[PDB]
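In this analysis, Cβ positions are derived from the backbone assuming ideal geometry, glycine residues included, and neighbour counts consider all displayed protein chains. Just so you know, all these numbers are worked out from the coordinates, no wet-lab data involved.
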Amino acid sequence: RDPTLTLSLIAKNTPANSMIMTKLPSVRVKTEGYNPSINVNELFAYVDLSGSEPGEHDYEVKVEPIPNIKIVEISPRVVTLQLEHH
């Protein structure tokens, strides 16, 4: 089926006492494989803010593991976000 998915972007490990000022864009993912029972809306792409300081930085977009599916393309691949200390 090699489904093309549209996933919402989620931020992981957002530093405590800090807030993301940027609205996270959606992500388009091309895949290879088959899977009839995997909730698309329950699937997410993510950016890992582990150890980030306030300001504007670029983060690599990644995809949460999906059974029987291999991610072959992710757009956008990188996202620019702004972080502000509380």
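Determine, yes or no, whether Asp58 is surrounded by fewer than 12 Cβ atoms within 10 Å (Cβ to Cβ), at positive phi and either acidic (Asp, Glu) or out of contact with any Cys (no Cβ under 8 Å at 6 or more places or on another chain) (or both).
On the way: surrounded by fewer than 12 Cβ atoms within 10 Å (Cβ to Cβ): yes; at positive phi: no; either acidic (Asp, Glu) or out of contact with any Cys (no Cβ under 8 Å at 6 or more places or on another chain) (or both): yes.
So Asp58 fails the test.
Yes/no per residue for (1) touching a residue at least 40 places away in the same chain (Cβ under 8 Å); (2) not charged (D, E, K, R):
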{"site": "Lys12", "(1), (2)": "no, no"}
{"site": "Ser18", "(1), (2)": "yes, yes"}
{"site": "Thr22", "(1), (2)": "yes, yes"}
{"site": "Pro25", "(1), (2)": "yes, yes"}
{"site": "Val40", "(1), (2)": "no, yes"}
{"site": "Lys62", "(1), (2)": "no, no"}
{"site": "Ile74", "(1), (2)": "yes, yes"}
{"site": "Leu81", "(1), (2)": "yes, yes"}
{"site": "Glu84", "(1), (2)": "yes, no"}
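Let's see how each residue does on (1) among the hydrophobic types (A, V, I, L, M, F, W, C); (2) assigned to a strand (DSSP E or B):
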{"residue": "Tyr46", "(1), (2)": "no, yes"}
{"residue": "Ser50", "(1), (2)": "no, no"}
{"residue": "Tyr59", "(1), (2)": "no, yes"}
{"residue": "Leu83", "(1), (2)": "yes, yes"}
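Out of the residues in the stretch 50-74 that are under 10 Å from the mean Cα position of the chain (by Cα) and of a type outside the set (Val, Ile, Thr), state the one that is farthest from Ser37 (Cα to Cα).
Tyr59
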